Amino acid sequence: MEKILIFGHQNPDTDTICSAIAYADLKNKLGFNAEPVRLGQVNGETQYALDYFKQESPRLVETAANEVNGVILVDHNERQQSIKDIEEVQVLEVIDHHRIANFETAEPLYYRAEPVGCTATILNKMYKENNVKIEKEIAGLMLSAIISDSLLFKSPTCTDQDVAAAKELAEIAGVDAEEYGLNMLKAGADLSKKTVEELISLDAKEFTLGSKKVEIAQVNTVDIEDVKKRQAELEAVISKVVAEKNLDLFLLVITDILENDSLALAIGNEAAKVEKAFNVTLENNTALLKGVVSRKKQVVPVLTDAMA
């Protein structure tokens, strides 16, 4: 039975890891042959989820074509967010909830995107459509992904489907969603053991907006001040990436998970487009983005219009 790899994006975050694992489990329980893999380091928020439900980290890979002919993408589609040799394998399926860009197939495929809060909310539907029982631990991972991408049901991308799925999965997982969730989020906001290199890359995503190359990284915190004090070190690693990747903008979004506001740190030739996008004034490369917690909904589209 032909082997496939399932993976999320570069710089893996909780949905990318947990949805890879969940979808491979769904494929395997249906008699197929799938391995969840990951494309980079597991962050602390995902580590808490993996440790709590006693699941191993997916195997790390840099390429797929040496292993398989066919892959499934979860939690992304854009080539530059994907495995470095994506053009050498066939994308059989994509399960996702982001905008579509920089993605092309030679052939028809199963492409399933729904504008909900995360991939795990779609996978929950798919288990039910396929009459496959969700194990306790898988449900905990899928619940973990929903909490992560909704910031405990606070993000404006959180839909009623996400809430309903979290309720089902918390019950299957045997945990109280708010208690577990707070602890998971706090574990990823523990920025004490983290270098600035880790801070700008743990949850970083590349995009092309119009003709401009951008990178938007996100970090969660309970105190924006404790990130802000590392600004000079942050601008040093950021401007190094800006040069290396020829970016027009690197935007770091430092998210206060208590207040649901973010401090932006914008470096690059197009930094002023951030002022236009958010109606905000950059002072010493930063500005408070009030209520802004979601990259796909509150950053990407307004930045696209601004840079156009």
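Note that residue numbering begins at 1 and tracks the sequence as displayed.
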{"query": "Higher-scoring stretch by recorded Cα B factor average, 76-84 or 198-206", "finding": "198-206"}
{"query": "Average Cα temperature factor in the PDB entry - higher stretch of 148-156, 92-100", "finding": "148-156"}
{"query": "Out of 120, 185, 164, 116, residue topping the C-alpha B-factor column of the entry", "finding": "185"}
{"query": "Residue with highest C-alpha B-factor in the PDB entry, from 112, 136, 230, 133", "finding": "230"}
{"query": "Third of the chain's Cα B-factor distribution that residue 67 belongs to, per the entry", "finding": "lowest"}
{"query": "CA B-factor ranking of residue 16, expressed as a third of its chain", "finding": "lowest"}
{"query": "Record-listed C-alpha B factor of residue 290: chain third", "finding": "highest"}
{"query": "Modelled-residue ranking by C-alpha temperature factor, third containing residue 33", "finding": "lowest"}
{"query": "Ranked against its chain, the third holding the CA B-factor of residue 126", "finding": "lowest"}
